[PDB]
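Visitor: Quick one, my_file.txt (compact mmCIF, C-alpha atoms (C1' of nucleotides) and all ligand atoms):
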```
# COMPACT_ATOMS: atom_id res chain seq x y z
CA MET R 1 9.07 18.51 13.39
CA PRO R 2 9.22 19.25 9.64
CA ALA R 3 6.83 17.48 7.32
CA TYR R 4 9.36 15.86 4.94
CA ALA R 5 11.71 13.09 6.09
CA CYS R 6 14.63 14.71 4.23
CA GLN R 7 14.37 17.76 6.53
CA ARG R 8 15.30 15.96 9.73
CA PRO R 9 17.87 13.40 10.85
CA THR R 10 16.61 9.86 11.24
CA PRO R 11 19.02 7.44 12.94
CA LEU R 12 19.05 3.72 12.40
CA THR R 13 18.12 2.96 16.00
CA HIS R 14 15.75 5.13 17.98
CA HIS R 15 13.36 5.45 20.92
CA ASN R 16 10.01 4.39 19.47
CA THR R 17 10.78 1.02 17.89
CA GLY R 18 7.55 -0.77 18.83
CA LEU R 19 5.29 2.05 17.76
CA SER R 20 7.07 2.48 14.43
CA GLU R 21 6.96 -1.27 13.75
CA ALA R 22 3.19 -1.34 14.25
CA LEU R 23 2.60 1.55 11.85
CA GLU R 24 4.88 -0.11 9.28
CA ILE R 25 2.71 -3.26 9.40
CA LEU R 26 -0.28 -1.13 8.42
CA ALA R 27 1.77 0.56 5.71
CA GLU R 28 2.86 -2.78 4.24
CA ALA R 29 -0.73 -4.06 4.30
CA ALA R 30 -1.92 -0.91 2.56
CA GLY R 31 0.58 -1.56 -0.22
CA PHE R 32 -0.65 -5.13 -0.63
CA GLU R 33 -4.14 -3.71 -1.22
CA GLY R 34 -2.84 -1.27 -3.82
CA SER R 35 -3.25 1.89 -1.71
CA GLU R 36 0.02 3.75 -2.23
CA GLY R 37 -1.31 6.86 -0.48
CA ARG R 38 -2.21 5.02 2.72
CA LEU R 39 1.15 3.20 2.58
CA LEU R 40 2.95 6.54 2.36
CA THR R 41 1.07 8.14 5.26
CA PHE R 42 1.71 5.16 7.57
CA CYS R 43 5.37 5.05 6.48
CA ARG R 44 5.72 8.79 7.08
CA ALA R 45 4.06 8.55 10.51
CA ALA R 46 6.39 5.70 11.47
CA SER R 47 9.38 7.73 10.30
CA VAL R 48 8.32 10.76 12.39
CA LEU R 49 8.54 8.55 15.48
CA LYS R 50 12.01 7.37 14.47
CA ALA R 51 13.11 11.02 14.40
CA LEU R 52 11.90 11.91 17.91
CA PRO R 53 14.50 12.40 20.66
CA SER R 54 12.79 10.23 23.30
CA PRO R 55 9.93 7.73 23.71
CA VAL R 56 6.31 8.69 23.18
CA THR R 57 4.61 7.92 26.52
CA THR R 58 1.33 9.84 26.23
CA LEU R 59 -1.07 10.60 23.39
CA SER R 60 -0.66 14.34 23.97
CA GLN R 61 2.91 14.06 22.65
CA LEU R 62 1.50 13.38 19.17
CA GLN R 63 -0.22 16.77 19.05
CA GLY R 64 1.22 18.84 16.25
CA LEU R 65 3.35 16.05 14.78
CA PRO R 66 3.01 15.75 11.01
CA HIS R 67 1.28 12.67 9.57
CA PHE R 68 -0.58 11.85 12.79
CA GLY R 69 -4.31 12.09 12.29
CA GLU R 70 -7.18 10.10 13.67
CA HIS R 71 -6.09 6.68 12.44
CA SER R 72 -2.36 6.71 13.24
CA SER R 73 -3.05 8.39 16.59
CA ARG R 74 -5.56 5.67 17.52
CA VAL R 75 -2.98 2.98 16.72
CA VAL R 76 -0.46 4.65 19.03
CA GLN R 77 -3.16 5.18 21.68
CA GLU R 78 -4.00 1.48 21.78
CA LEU R 79 -0.34 0.45 21.97
CA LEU R 80 0.25 2.88 24.84
CA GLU R 81 -2.86 1.79 26.76
CA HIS R 82 -2.87 -1.99 26.14
CA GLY R 83 0.49 -2.86 24.56
CA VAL R 84 -1.25 -4.12 21.42
CA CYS R 85 -3.37 -2.67 18.61
CA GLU R 86 -6.22 -4.91 17.53
CA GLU R 87 -6.16 -3.76 13.89
CA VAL R 88 -2.42 -4.48 13.67
CA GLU R 89 -2.80 -7.94 15.18
CA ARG R 90 -5.68 -8.74 12.84
CA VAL R 91 -3.49 -7.82 9.87
CA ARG R 92 -0.56 -9.86 11.22
CA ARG R 93 -2.51 -13.10 11.47
CA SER R 94 -4.50 -12.64 8.27
CA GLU R 95 -4.00 -15.13 5.47
CA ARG R 96 -3.93 -12.32 2.94
CA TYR R 97 -1.12 -10.45 4.68
CA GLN R 98 0.97 -13.53 5.43
CA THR R 99 0.73 -14.86 1.86
CA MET R 100 1.31 -11.53 0.15
CA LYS R 101 4.34 -11.00 2.37
CA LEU R 102 5.66 -14.49 1.52
CA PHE R 103 5.11 -14.09 -2.22
CA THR R 104 6.40 -10.52 -2.59
CA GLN R 105 9.52 -11.44 -0.62
CA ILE R 106 10.50 -13.63 -3.60
CA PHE R 107 12.99 -12.01 -5.98
CA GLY R 108 11.02 -11.54 -9.21
CA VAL R 109 7.53 -11.41 -7.63
CA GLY R 110 5.91 -8.06 -6.89
CA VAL R 111 2.51 -7.08 -5.50
CA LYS R 112 0.66 -7.57 -8.78
CA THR R 113 1.98 -11.08 -9.40
CA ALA R 114 1.50 -12.05 -5.75
CA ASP R 115 -2.09 -10.78 -5.80
CA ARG R 116 -2.90 -12.73 -8.96
CA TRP R 117 -1.50 -15.93 -7.43
CA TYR R 118 -3.44 -15.26 -4.23
CA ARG R 119 -6.69 -14.85 -6.16
CA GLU R 120 -5.96 -18.12 -8.00
CA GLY R 121 -5.79 -19.84 -4.60
CA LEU R 122 -2.04 -20.26 -4.18
CA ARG R 123 -0.76 -19.91 -0.63
CA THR R 124 2.67 -21.56 -0.13
CA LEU R 125 6.01 -21.73 -1.89
CA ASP R 126 5.39 -25.41 -2.61
CA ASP R 127 2.14 -24.37 -4.34
CA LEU R 128 4.32 -22.30 -6.69
CA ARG R 129 6.97 -24.99 -7.15
CA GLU R 130 4.25 -27.47 -8.18
CA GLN R 131 3.25 -25.19 -11.10
CA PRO R 132 6.60 -24.07 -12.53
CA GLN R 133 5.13 -23.40 -15.98
CA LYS R 134 3.70 -20.20 -14.47
CA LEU R 135 7.11 -18.83 -13.41
CA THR R 136 9.61 -16.67 -15.23
CA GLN R 137 13.29 -17.65 -15.14
CA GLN R 138 13.86 -14.84 -12.65
CA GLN R 139 11.07 -16.14 -10.39
CA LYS R 140 12.45 -19.66 -10.69
CA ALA R 141 15.83 -18.44 -9.43
CA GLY R 142 14.15 -16.44 -6.66
CA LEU R 143 12.18 -19.52 -5.59
CA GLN R 144 15.10 -21.97 -5.83
CA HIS R 145 17.27 -19.64 -3.74
CA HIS R 146 14.47 -18.39 -1.47
CA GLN R 147 15.78 -19.98 1.72
CA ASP R 148 19.28 -18.52 1.41
CA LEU R 149 17.86 -15.16 0.33
CA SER R 150 15.69 -15.10 3.46
CA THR R 151 18.79 -15.25 5.67
CA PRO R 152 20.18 -11.79 6.50
CA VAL R 153 23.41 -10.75 4.84
CA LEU R 154 25.92 -9.77 7.52
CA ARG R 155 28.21 -6.78 7.45
CA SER R 156 30.95 -9.38 7.90
CA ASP R 157 29.89 -10.86 4.54
CA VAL R 158 30.14 -7.51 2.72
CA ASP R 159 33.91 -7.03 2.85
CA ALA R 160 34.65 -10.38 1.18
CA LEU R 161 32.12 -9.64 -1.55
CA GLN R 162 33.46 -6.17 -2.23
CA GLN R 163 36.94 -7.60 -2.79
CA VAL R 164 35.75 -10.07 -5.45
CA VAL R 165 33.74 -7.36 -7.22
CA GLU R 166 36.75 -5.05 -7.15
CA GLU R 167 38.94 -7.76 -8.68
CA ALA R 168 36.59 -8.23 -11.62
CA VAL R 169 36.04 -4.48 -11.99
CA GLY R 170 39.80 -3.88 -12.10
CA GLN R 171 40.30 -6.36 -14.95
CA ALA R 172 37.29 -5.00 -16.78
CA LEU R 173 38.54 -1.41 -16.50
CA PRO R 174 41.66 -0.44 -14.57
CA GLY R 175 41.04 2.55 -12.33
CA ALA R 176 37.32 1.92 -11.91
CA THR R 177 36.08 2.07 -8.35
CA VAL R 178 33.50 0.22 -6.27
CA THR R 179 31.50 2.05 -3.55
CA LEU R 180 29.24 0.33 -1.01
CA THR R 181 25.79 1.91 -1.02
CA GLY R 182 22.30 0.94 0.18
CA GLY R 183 21.57 0.03 3.75
CA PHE R 184 25.10 -0.95 4.69
CA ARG R 185 26.28 2.58 3.85
CA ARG R 186 23.59 3.88 6.25
CA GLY R 187 25.13 1.78 9.03
CA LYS R 188 22.94 -1.33 8.95
CA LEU R 189 24.47 -4.46 10.42
CA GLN R 190 22.36 -6.74 8.20
CA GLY R 191 20.64 -6.51 4.85
CA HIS R 192 18.58 -8.34 2.25
CA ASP R 193 21.28 -7.74 -0.37
CA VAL R 194 24.50 -5.82 -0.97
CA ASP R 195 24.35 -2.70 -3.15
CA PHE R 196 27.40 -1.40 -5.04
CA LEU R 197 27.98 1.67 -7.23
CA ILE R 198 30.78 1.58 -9.83
CA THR R 199 32.37 4.52 -11.68
CA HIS R 200 35.67 5.63 -13.24
CA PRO R 201 37.39 9.00 -12.71
CA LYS R 202 37.61 9.75 -16.48
CA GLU R 203 34.18 10.67 -17.83
CA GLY R 204 33.07 8.27 -20.53
CA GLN R 205 35.39 5.43 -19.61
CA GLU R 206 32.57 3.68 -17.74
CA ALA R 207 30.55 3.16 -20.93
CA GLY R 208 30.08 -0.54 -21.59
CA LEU R 209 31.58 -1.52 -18.24
CA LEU R 210 28.88 -3.60 -16.59
CA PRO R 211 28.73 -6.36 -19.23
CA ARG R 212 32.48 -6.76 -18.91
CA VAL R 213 32.21 -7.01 -15.12
CA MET R 214 29.41 -9.54 -15.21
CA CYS R 215 31.16 -11.74 -17.78
CA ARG R 216 34.25 -11.81 -15.54
CA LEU R 217 32.28 -12.69 -12.42
CA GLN R 218 30.40 -15.40 -14.30
CA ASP R 219 33.71 -16.86 -15.56
CA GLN R 220 34.92 -17.04 -11.93
CA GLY R 221 31.88 -19.17 -11.03
CA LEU R 222 30.44 -16.58 -8.66
CA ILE R 223 27.15 -15.80 -10.40
CA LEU R 224 24.24 -18.07 -9.62
CA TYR R 225 21.76 -15.89 -11.53
CA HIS R 226 21.82 -12.74 -13.60
CA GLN R 227 19.72 -11.23 -16.37
CA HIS R 228 22.21 -11.97 -19.20
CA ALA R 229 24.25 -2.93 -23.14
CA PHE R 230 23.19 -2.35 -19.53
CA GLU R 231 24.15 -0.36 -16.43
CA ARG R 232 22.24 -2.04 -13.57
CA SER R 233 22.41 -5.70 -12.63
CA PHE R 234 20.30 -7.43 -9.97
CA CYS R 235 22.09 -10.71 -9.38
CA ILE R 236 22.44 -13.70 -7.09
CA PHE R 237 26.05 -14.39 -6.09
CA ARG R 238 27.77 -17.40 -4.54
CA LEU R 239 29.36 -16.30 -1.24
CA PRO R 240 31.77 -18.66 0.57
CA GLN R 241 30.83 -20.02 4.00
CA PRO R 242 32.63 -22.46 6.31
CA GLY R 243 32.87 -25.66 4.25
CA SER R 244 30.19 -24.49 1.85
CA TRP R 245 28.58 -21.30 0.49
CA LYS R 246 25.29 -19.41 0.38
CA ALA R 247 23.40 -17.46 -2.23
CA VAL R 248 23.31 -13.66 -1.72
CA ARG R 249 21.52 -10.90 -3.63
CA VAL R 250 23.92 -8.30 -5.04
CA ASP R 251 23.05 -5.18 -6.99
CA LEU R 252 25.62 -3.48 -9.25
CA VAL R 253 25.07 -0.03 -10.78
CA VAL R 254 27.43 1.90 -13.08
CA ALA R 255 27.32 5.69 -13.33
CA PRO R 256 29.49 8.28 -15.07
CA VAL R 257 31.56 10.28 -12.62
CA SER R 258 29.64 13.46 -13.52
CA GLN R 259 26.48 11.78 -12.15
CA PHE R 260 28.15 9.92 -9.28
CA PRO R 261 26.88 12.23 -6.47
CA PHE R 262 23.33 11.84 -7.72
CA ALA R 263 23.66 8.09 -8.07
CA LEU R 264 25.30 7.74 -4.66
CA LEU R 265 22.49 9.78 -3.10
CA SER R 266 19.81 7.77 -4.90
CA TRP R 267 21.14 4.30 -4.11
CA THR R 268 22.07 5.04 -0.48
CA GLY R 269 18.40 5.50 0.47
CA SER R 270 16.50 4.82 2.53
CA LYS R 271 13.67 4.15 0.09
CA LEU R 272 11.39 6.51 2.00
CA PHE R 273 14.14 9.09 2.31
CA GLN R 274 14.62 9.14 -1.48
CA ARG R 275 10.90 9.40 -2.22
CA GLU R 276 10.60 12.26 0.28
CA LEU R 277 13.64 14.04 -1.13
CA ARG R 278 12.34 13.76 -4.68
CA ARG R 279 8.90 14.96 -3.54
CA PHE R 280 10.46 17.87 -1.65
CA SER R 281 12.61 18.85 -4.64
CA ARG R 282 9.64 18.92 -7.03
CA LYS R 283 6.92 20.33 -4.79
CA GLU R 284 8.90 22.82 -2.67
CA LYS R 285 11.77 23.80 -5.00
CA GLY R 286 10.37 23.14 -8.48
CA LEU R 287 13.33 20.94 -9.40
CA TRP R 288 13.24 17.36 -10.69
CA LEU R 289 15.63 14.97 -8.92
CA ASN R 290 16.63 11.48 -10.07
CA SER R 291 19.69 9.21 -10.00
CA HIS R 292 21.22 11.10 -12.94
CA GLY R 293 20.87 14.73 -11.92
CA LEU R 294 18.78 17.66 -10.71
CA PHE R 295 16.86 19.50 -13.42
CA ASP R 296 15.42 23.00 -13.50
CA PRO R 297 12.48 22.71 -15.93
CA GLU R 298 12.18 26.50 -16.32
CA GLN R 299 15.81 27.20 -17.27
CA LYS R 300 16.10 23.72 -18.83
CA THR R 301 19.43 23.22 -17.07
CA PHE R 302 21.04 20.51 -14.93
CA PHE R 303 22.84 21.34 -11.67
CA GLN R 304 26.43 20.10 -11.69
CA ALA R 305 27.19 18.54 -8.33
CA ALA R 306 30.59 17.36 -7.14
CA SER R 307 29.34 15.81 -3.87
CA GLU R 308 26.19 14.86 -2.02
CA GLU R 309 26.84 17.98 0.08
CA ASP R 310 26.39 20.06 -3.10
CA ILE R 311 23.00 18.47 -3.72
CA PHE R 312 21.69 19.17 -0.21
CA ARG R 313 22.93 22.76 -0.52
CA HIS R 314 21.21 23.25 -3.89
CA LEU R 315 17.91 22.08 -2.36
CA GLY R 316 18.27 24.35 0.66
CA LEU R 317 18.51 21.41 3.07
CA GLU R 318 20.93 20.82 5.91
CA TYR R 319 23.31 18.00 5.04
CA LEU R 320 22.50 14.58 6.45
CA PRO R 321 25.17 11.87 6.47
CA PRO R 322 23.99 8.41 5.34
CA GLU R 323 23.58 7.26 8.95
CA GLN R 324 20.88 9.95 9.40
CA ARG R 325 18.91 8.99 6.25
CA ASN R 326 17.21 5.98 7.90
CA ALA R 327 13.71 7.32 7.31
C1' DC M 1 -10.05 18.35 -3.87
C1' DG M 2 -5.09 16.56 -6.02
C1' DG M 3 -1.21 14.42 -4.87
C1' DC M 4 1.57 10.78 -3.32
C1' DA M 5 9.43 9.01 -6.72
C1' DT M 6 11.90 7.26 -10.12
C1' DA M 7 14.34 4.96 -14.42
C1' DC M 8 16.38 0.97 -16.10
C1' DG M 9 16.12 -4.66 -17.22
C1' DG Y 1 -4.24 8.59 5.37
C1' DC Y 2 -2.89 12.67 5.64
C1' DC Y 3 -1.16 17.63 3.88
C1' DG Y 4 -1.72 21.85 1.84
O1 LIG L 401 11.66 1.07 -4.44
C1 LIG L 401 12.85 1.35 -4.27
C2 LIG L 401 13.85 0.44 -3.82
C3 LIG L 401 15.10 0.88 -3.66
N1 LIG L 401 15.48 2.18 -3.91
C4 LIG L 401 16.87 2.66 -3.70
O2 LIG L 401 17.72 1.54 -3.73
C5 LIG L 401 18.47 1.46 -2.49
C6 LIG L 401 18.79 0.03 -2.20
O3 LIG L 401 17.56 -0.68 -2.18
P1 LIG L 401 17.45 -1.99 -1.27
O4 LIG L 401 16.14 -2.60 -1.70
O5 LIG L 401 18.73 -2.78 -1.42
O6 LIG L 401 17.27 -1.51 0.25
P2 LIG L 401 18.31 -1.17 1.42
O7 LIG L 401 19.70 -1.47 0.94
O8 LIG L 401 18.05 0.23 1.88
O9 LIG L 401 17.92 -2.19 2.56
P3 LIG L 401 18.05 -3.80 2.55
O10 LIG L 401 16.60 -4.25 2.57
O11 LIG L 401 18.77 -4.17 1.29
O12 LIG L 401 18.80 -4.17 3.80
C7 LIG L 401 17.51 2.05 -1.49
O13 LIG L 401 18.16 2.40 -0.27
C8 LIG L 401 16.99 3.24 -2.28
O14 LIG L 401 18.00 4.23 -2.27
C9 LIG L 401 14.57 3.12 -4.33
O15 LIG L 401 14.90 4.27 -4.55
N2 LIG L 401 13.29 2.64 -4.51
CL CL L 402 17.13 20.77 6.40
CL CL L 403 1.78 12.71 -0.45
MG MG L 404 20.18 -3.22 -0.04
MG MG L 405 19.45 -3.64 -3.61
MG MG L 406 -9.48 11.99 -1.64
NA NA L 407 9.75 -9.30 -4.73
```
Please, can you express the file's structure as structure tokens?

Guide:
Amino acid sequence: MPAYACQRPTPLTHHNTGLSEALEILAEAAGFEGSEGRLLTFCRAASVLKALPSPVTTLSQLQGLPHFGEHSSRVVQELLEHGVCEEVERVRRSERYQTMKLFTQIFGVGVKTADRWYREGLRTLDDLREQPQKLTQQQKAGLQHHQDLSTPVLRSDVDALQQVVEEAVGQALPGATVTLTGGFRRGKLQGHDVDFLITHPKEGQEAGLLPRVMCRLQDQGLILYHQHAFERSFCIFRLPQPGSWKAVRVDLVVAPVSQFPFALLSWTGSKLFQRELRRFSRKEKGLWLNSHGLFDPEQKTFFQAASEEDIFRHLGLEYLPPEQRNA
DNA sequence: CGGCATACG
DNA sequence: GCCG
């Protein structure tokens, strides 16, 4: 079992679901306390279990697996022996965890804002609604739409939404294309949002595109919230439903075609997969990876990629399709 | 021990 | 919290 998640296939569904879920609770709680390192270790340990070919049934099967030391091994040991880990259950029921989870789930509220509200004594969404002078416009939209945004987006919803985005994109710039990315590209059946990547086959034509797209969608009455030159939009869209509609989070990103493989790789995820790939690139290969390119800081050159396959090859990694990037 | 991903809004 |  290699140490980086980008070195091994990780499918969406696997054979250690309960164990991985428990470790991810501890990872999430570590993040709420500001410990990024602990969060990463617990996330990495969970992801190792997702990559195994069969269920862990005995503690001895953890021997030699990366990211399993005394703490993660004890969690697994307790789940195997008793079906429950006391530390995990204590986190689950804790007021701190439940409130930080509730607050950070809001679009526009991160850990730092949630923590400050927690320390001020706030606990519920109605607590926040009763003090709207303390909210940004983004947070107000996140709070007004919180209920709809807490409902999973279905893969059945995605097709309808891609068609409306394509219509606006085609008027904004004929020939521009829309690609589904994020979790749905990795095979998820549900999501918290829909992620799209937009480009045009003629380098340079995509400059200035996203404002033109957003203005068109707003004129069609489909935008419930957006932030307004720009190239990324994190919006709330109106999606039709039987006799009504619901609010859905949609992310739109524009990239030049020369950067498209890098942007597609970056926005397809998973989040852990991308962090691990970027860490691998820098620490093992001495190359700096981001959503725009892959840089050699010694030669001061960028690697020209025509496909995600090119990028895996240039990092010396076996290619993983999106469905195997569910780290 | 140092390190832990990344840039745009 | 774990790796090198
Ligand atoms: O902190 C982050 C968040 C997101 N991303 C990049 O943005 C992509 C989309 O980020 P999302 O937050 O939309 O996640 P997701 O689509 O994988 O899963 P859902 O919760 O939406 O179902 C991610 O898959 C990752 O590639 C990061 O690189 N870092
Ligand atoms: Cl590999
Ligand atoms: Cl690390
Ligand atoms: Mg998504
Ligand atoms: Mg998104
Ligand atoms: Mg230390
Ligand atoms: Na949030």

Visitor: Return as a PyMOL selection string the residues of protein, DNA or RNA that approach ligand MG 406 (chain L) to within 12 Å, with all atoms listed in the file taken into account.

Guide: (chain R and resi 35+37-38) or (chain M and resi 1-4) or (chain Y and resi 1-3)

Visitor: Identify every residue of chain M that has at least one atom within 8 Å of any atom of chain R, counting all atoms listed in the file, and report the result as a list in words.

Guide: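 Result: residues 4, 5, 6, 8 and 9 of chain M.
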
Visitor: Quick one, how far is CA of residue 304 (chain R) from CA of residue 205 (chain R)?

Guide: 18.9 Å

Visitor: Mind checking which residues fall within 9 Å of residue 143 (chain R), counting only C-alpha atoms (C1' of nucleotides), ignoring those fewer than 5 positions away in the same chain, and posting them as a PyMOL selection string?

Guide: chain R and resi 106-108+125+128-129+138

Visitor: Could you check how far CA of residue 78 (chain R) sits from CA of residue 28 (chain R), in Å to one decimal?

Guide: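 Computed distance, CA of residue 78 (chain R) to CA of residue 28 (chain R), equals 19.3 Å.
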
Visitor: Mind pulling up the distance from CA of residue 293 (chain R) to CA of residue 175 (chain R)?

Guide: 23.6 Å

Visitor: Output as JSON lines one row per residue of chain R within 6 Å of ligand MG 404 (chain L): the closest atom pair and its distance in Å to one decimal place, counting all atoms listed in the file, sorted by chain and residue number ascending.

Guide:
```
{"residue": "R:182", "atom": "CA", "partner": "L:MG404", "partner_atom": "MG", "distance": 4.7}
{"residue": "R:183", "atom": "CA", "partner": "L:MG404", "partner_atom": "MG", "distance": 5.2}
{"residue": "R:191", "atom": "CA", "partner": "L:MG404", "partner_atom": "MG", "distance": 5.9}
{"residue": "R:192", "atom": "CA", "partner": "L:MG404", "partner_atom": "MG", "distance": 5.8}
{"residue": "R:193", "atom": "CA", "partner": "L:MG404", "partner_atom": "MG", "distance": 4.7}
{"residue": "R:194", "atom": "CA", "partner": "L:MG404", "partner_atom": "MG", "distance": 5.1}
{"residue": "R:195", "atom": "CA", "partner": "L:MG404", "partner_atom": "MG", "distance": 5.2}
```

Visitor: Pick out the closest residue to residue 305 (chain R) from this set: R:327, R:214, R:264, R:84. Count all atoms listed in the file.

Guide: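 Among R:327, R:214, R:264, R:84, it is R:264 that comes nearest to residue 305 (chain R).
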
Visitor: Give the answer as one residue: which of R:309, R:251, R:148, R:166 has the shortest atom-to-atom distance to ligand LIG 401 (chain L), using only C-alpha atoms and all ligand atoms?

Guide: R:251

Visitor: Calculated over all atoms listed in the file, which of the candidates R:132, R:2, R:110, R:34 has the smallest distance to ligand NA 407 (chain L)?

Guide: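 Under the stated criterion, the closest residue is R:110.
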
Visitor: Report as a PyMOL selection string all protein, DNA and RNA residues lying within 10 Å of residue 308 (chain R), evaluated on all atoms listed in the file, omitting residues in the same chain fewer than 6 positions from it.

Guide: chain R and resi 260-266+314+319-321

Visitor: Within 12 Å of residue 22 (chain R), counting only C-alpha atoms (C1' of nucleotides), which residues show up once you throw out same-chain ones fewer than 4 positions away? Write them as a ChimeraX atom specification, please.

Guide: /R:16-18,26-29,42-43,45-47,49,72-80,83-92

Visitor: Choose the residue, out of R:197, R:226, R:116, R:280, that has the smallest atom-to-atom separation from ligand CL 403 (chain L); count all atoms listed in the file.

Guide: R:280

Visitor: Mind giving me the axis-aligned box for chain M with 8 Å on every side, centre plus edges in Å to one decimal, as lines of an AutoDock Vina configuration file?

Guide:
```
center_x = 3.2
center_y = 6.8
center_z = -10.3
size_x = 42.4
size_y = 39.0
size_z = 29.9
```

Visitor: What residues have any atom no more than 10 Å from ligand CL 402 (chain L) when counting all atoms listed in the file, and can you list them as an NGL selection string?

Guide: :R and (2 or 4-9 or 312-313 or 315-320)

Visitor: Just the residues within 9 Å of residue 239 (chain R), please, counting only C-alpha atoms (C1' of nucleotides), with nothing from its chain fewer than 3 positions along; format it as a VMD selection string.

Guide: chain R and resid 157 160 to 161 222 244 to 248

Visitor: Restricted to N, CA, C and O atoms (P, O5', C5', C4', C3', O3' and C1' of nucleotides), what does chain Y look like when written out as a short mmCIF file (atom, residue, chain, number, x, y, z; two decimals), in the first residue's frame?

Guide:
```
data_model
loop_
_atom_site.label_atom_id
_atom_site.label_comp_id
_atom_site.auth_asym_id
_atom_site.auth_seq_id
_atom_site.Cartn_x
_atom_site.Cartn_y
_atom_site.Cartn_z
P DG Y 1 -2.92 12.56 18.37
"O5'" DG Y 1 -2.86 12.68 16.77
"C5'" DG Y 1 -3.90 12.17 15.97
"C4'" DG Y 1 -3.34 11.38 14.80
"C3'" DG Y 1 -2.31 10.33 15.17
"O3'" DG Y 1 -2.48 9.21 14.33
"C1'" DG Y 1 -1.27 12.07 13.88
P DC Y 2 -1.74 7.81 14.61
"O5'" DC Y 2 -0.51 7.83 13.65
"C5'" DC Y 2 -0.76 7.77 12.25
"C4'" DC Y 2 0.28 8.53 11.45
"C3'" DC Y 2 1.65 7.86 11.35
"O3'" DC Y 2 1.66 7.08 10.16
"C1'" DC Y 2 1.72 10.26 11.36
P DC Y 3 3.03 6.42 9.61
"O5'" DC Y 3 3.72 7.58 8.80
"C5'" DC Y 3 3.12 8.06 7.63
"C4'" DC Y 3 4.17 8.75 6.82
"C3'" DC Y 3 5.43 7.93 6.66
"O3'" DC Y 3 5.89 7.95 5.32
"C1'" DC Y 3 5.94 10.00 7.78
P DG Y 4 7.12 7.00 4.85
"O5'" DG Y 4 8.35 8.01 4.76
"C5'" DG Y 4 8.19 9.28 4.15
"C4'" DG Y 4 9.39 10.16 4.45
"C3'" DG Y 4 10.74 9.43 4.38
"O3'" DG Y 4 11.72 10.21 3.68
"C1'" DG Y 4 10.47 10.44 6.51
#
```
